[PDB]
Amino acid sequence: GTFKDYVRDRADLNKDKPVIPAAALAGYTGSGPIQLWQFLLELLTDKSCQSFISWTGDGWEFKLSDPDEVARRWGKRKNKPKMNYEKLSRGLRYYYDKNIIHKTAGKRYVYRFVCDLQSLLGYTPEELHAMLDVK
């Protein structure tokens, strides 16, 4: 359909209401195009995405329930239709090398922001969890 419908339909589904839109965050940090870590903070604060990615409840820790869907949307957002979790996984490795995101031991698809997102975002983990009805 048209664009006015595409925006209305997504509105009726409670989409397009992420607490931390990647674009807004990119403008705040002056990074220009959104980066992966910002894209993840968008899904993690978008209630319409809690089926495939969400917080676990332990601070800045989160899990990818459907790792393929996360890699699929990151592909659509950067016009990389051949994106998959294997390529996305190397991407997260970069944030490991830079001490921005670490892996939770013994668990698959579970990561934690180890930077100081509270000083950057002005939010606490618990504050976002309450806003997002995290269980």
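Heads up: residue numbers just count along the shown sequence, starting at 1.
Peer 1: Highest mean C-alpha temperature factor of the two stretches 6-14 and 19-27, which is it?
Peer 2: Comparing 19-27 with 6-14, the higher mean C-alpha B-factor belongs to 6-14.
Peer 1: Lowest, middle or highest third: which one holds residue 51 when the chain's residues are ordered by CA B-factor from the entry?
Peer 2: It belongs to the middle third of the chain when residues are ordered by C-alpha B-factor.
Peer 1: Where does residue 104 sit by CA temperature factor within its chain: lowest, middle or highest third?
Peer 2: It falls in the top third of the chain.
Peer 1: What third of the chain does residue 42 rank in for C-alpha temperature factor, lowest, middle or highest?
Peer 2: It falls in the bottom third of the chain.
Peer 1: Quick check for you: using the entry's CA B-factors within this chain, is residue 85 in the lowest, middle or highest third?
Peer 2: It falls in the middle third of the chain.
Peer 1: Splitting the chain's C-alpha B-factors into thirds, which one does residue 35 fall into?
Peer 2: For residue 35, the deposited C-alpha B-factor lands in the lowest third.
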